[PDB]
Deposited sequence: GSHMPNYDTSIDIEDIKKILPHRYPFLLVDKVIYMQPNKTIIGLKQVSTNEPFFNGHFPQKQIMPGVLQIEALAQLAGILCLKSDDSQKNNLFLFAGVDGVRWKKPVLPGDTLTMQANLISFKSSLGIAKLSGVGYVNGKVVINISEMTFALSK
């Protein structure tokens, strides 16, 4: 099964409202990869600010949802406070909108027990099509 619900995600991650952006893990293979989703609703606090005349999920929150999914995989592969240390090669392909399901996959590149550093790639999809690519997210365990 490998899927994880929100209550169990909360036991893994320190993040809470209004900055928890993984609704469900649908698949995970420890030390390899993880797939989850974020459901995108008009009823989310950020939408009033981004933007009044046109609701578009901020691209940086799409990085954040990929980062959080990625951090689930790291914690379940091996301090639950991981900070963003670097990110490279983010390309946003298409706007994410209220009504969408943001499906996300993060793949582990490296994880150093010793140093508390992890690197992963990430891709986000809507309706089977890429809306975001991230070449490399780096996390340090503060």
Compared with the full deposited sequence, the modelled chain skips 1 to 7, 86 to 89, 154
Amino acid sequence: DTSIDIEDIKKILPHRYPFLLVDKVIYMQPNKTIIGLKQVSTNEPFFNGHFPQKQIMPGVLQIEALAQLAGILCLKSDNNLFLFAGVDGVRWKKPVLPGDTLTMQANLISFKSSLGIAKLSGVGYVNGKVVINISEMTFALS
From here on, numbers count along this sequence of modelled residues.
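We call the rigid core the largest set of C-alpha positions that still match within 1.5 Å between the two forms.
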Top-deviation stretch by C-alpha RMS in 6 other deposited structures of this protein (rigid core reference), from 38 to 46, 60 to 68, is 38 to 46
Returned stretch for higher CA RMS in 6 other deposited structures of this protein, core superposition, given 99 to 107 and 82 to 90, is 82 to 90
| request: Please confirm whether residue 115, modelled here, goes without coordinates in at least one third of the other compared entries that cover both its neighbours. | output: yes
Problem set entry | residue 33 dropped in a third or more of the other entries | no
